[PDB]
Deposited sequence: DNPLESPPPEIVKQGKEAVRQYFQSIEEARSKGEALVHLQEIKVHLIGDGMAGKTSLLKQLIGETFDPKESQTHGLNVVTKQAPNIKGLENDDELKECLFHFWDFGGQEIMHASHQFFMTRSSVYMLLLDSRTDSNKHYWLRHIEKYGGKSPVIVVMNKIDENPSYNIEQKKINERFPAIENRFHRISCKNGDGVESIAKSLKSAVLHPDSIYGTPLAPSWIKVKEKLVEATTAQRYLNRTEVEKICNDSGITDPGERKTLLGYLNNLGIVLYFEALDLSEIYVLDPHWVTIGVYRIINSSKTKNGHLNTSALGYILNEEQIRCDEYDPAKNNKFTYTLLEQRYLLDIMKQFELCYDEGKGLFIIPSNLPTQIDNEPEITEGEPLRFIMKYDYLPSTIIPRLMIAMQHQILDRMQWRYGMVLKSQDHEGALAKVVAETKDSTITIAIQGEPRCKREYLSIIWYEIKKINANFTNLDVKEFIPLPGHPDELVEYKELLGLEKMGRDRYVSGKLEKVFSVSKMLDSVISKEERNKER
């Protein structure tokens, strides 16, 4: 059982489906479908590499025999490849977790001129895809023969590369790595499916791609035509295909009229919103959608536009404030305290996802001050906490989130924990994220002690935190009871 294991009744339907197919004497087929995410700085040759193999958003889908290295390979004759290029903006992440973590191959593209961003992109792949296989391609080698990277070290730190490093100029080897990635013990070929599921998938794909989306009646016809009539498994099948990002299906919205969608039409929809000059400031005037989507192949009617907004909401890319004015936090301006003993609490990421602050802003929308919110932070006020005032700011250069709070001491602590929680809840959506929590030293805002350090000093039964470079001692408990207790 794949991670369709979400839904007790889902688990049941899957077994049921491969039981009737076992009883009718049919062989359990495989999905034979894969997502290749091209990852890299703008042009480190994403288009050029792709040109080499086949002979801003987009997909190109190519079957294995057409990929440069695999022409005569039988093992995956029937296999499909979906080359995805998100900006570096992983739009599917919030609502389609598995789209990124399952069924995926990450293909990192580096060159001499882009080499220093390698560490960033390596962690980017780690946190978005999970245990997904990764393939490192070094490009433009013809211009700099000496160009290489600390492979051993990189492979030790990132065991999902499994030594799939390639030096390329003027490629058939990258196809062996692709083959290797697809056949991963835990990727697609590990899950037997009933022929039914594969049949309706194919019919569903042809349809959605051709006629932007399908209505409830249409998909139900397709399902009966392949002899899937139980609504309980039809839901789980669509559930499954959605989880895999083959076809989109939003059970939360559940509109009969736009029931199952071509992933491409939806993605090109939100990108046009995201990158429109009429949302350049972080404000979407609903009126503008017609212009944005249609005049500024892929056309969007009035109904479609409303639905697309809802998808953005589901993707956690925006929120309604109630004027027909949505906020898109990631497009906000980059630019827009010290009452009592202001509680400060700092969170150090090894990689700070650029979706964190946008997603926290949504979780917290109700408490934002006087629209005192910007690309890198927000001001939060809760009457529920005597009128405490908190500032959550994000510094990209340090991969750090700072929380400063004003108010009575019981208020501060309890407020922190609710902001702290919401942050931790977002963090959990990313795989091996690595956050360390700090506390500035009293009288020395820039000197930080690790919260883990203090707790450890308490378990030891020590009350002194000794700063050698300052030559001052501090009460472990006193600064600790400012945070929890």
query: Deposited positions without coordinates, collected into consecutive stretches in sequence order; finding: 1-8, 64-74, 190-194, 321-333, 374-378, 528-535
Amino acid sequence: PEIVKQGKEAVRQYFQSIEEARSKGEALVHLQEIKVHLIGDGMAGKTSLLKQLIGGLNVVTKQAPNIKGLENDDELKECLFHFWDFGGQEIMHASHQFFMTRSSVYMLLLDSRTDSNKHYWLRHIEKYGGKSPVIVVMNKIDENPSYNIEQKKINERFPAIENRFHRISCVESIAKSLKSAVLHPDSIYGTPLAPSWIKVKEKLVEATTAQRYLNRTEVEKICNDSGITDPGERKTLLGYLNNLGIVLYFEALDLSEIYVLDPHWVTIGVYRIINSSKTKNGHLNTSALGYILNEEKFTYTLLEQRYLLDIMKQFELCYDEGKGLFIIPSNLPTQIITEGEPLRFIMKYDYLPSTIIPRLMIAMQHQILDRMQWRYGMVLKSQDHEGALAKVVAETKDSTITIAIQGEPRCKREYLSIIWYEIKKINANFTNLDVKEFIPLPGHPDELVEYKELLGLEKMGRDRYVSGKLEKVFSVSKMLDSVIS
From here on, numbers count along this sequence of modelled residues.
| query | finding |
| --- | --- |
| Comparing 385-393 with 123-131, the one whose average Cα B-factor in the PDB entry is higher | 385-393 |
| Higher-B stretch (mean Cα B-factor, as the entry records it), 275-283 or 355-363 | 275-283 |
| Third assignment of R344 from its chain's C-alpha B-factors | highest |
| Assigned third (lowest, middle, highest) for the C-alpha B factor of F430 | middle |
| Chain-wide C-alpha B factor ranking for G88, given as lowest, middle or highest third | lowest |
| Within-chain third of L455 by Cα B-factor, per the entry | lowest |
| B-factor third for the C-alpha atom of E422 within its chain | lowest |
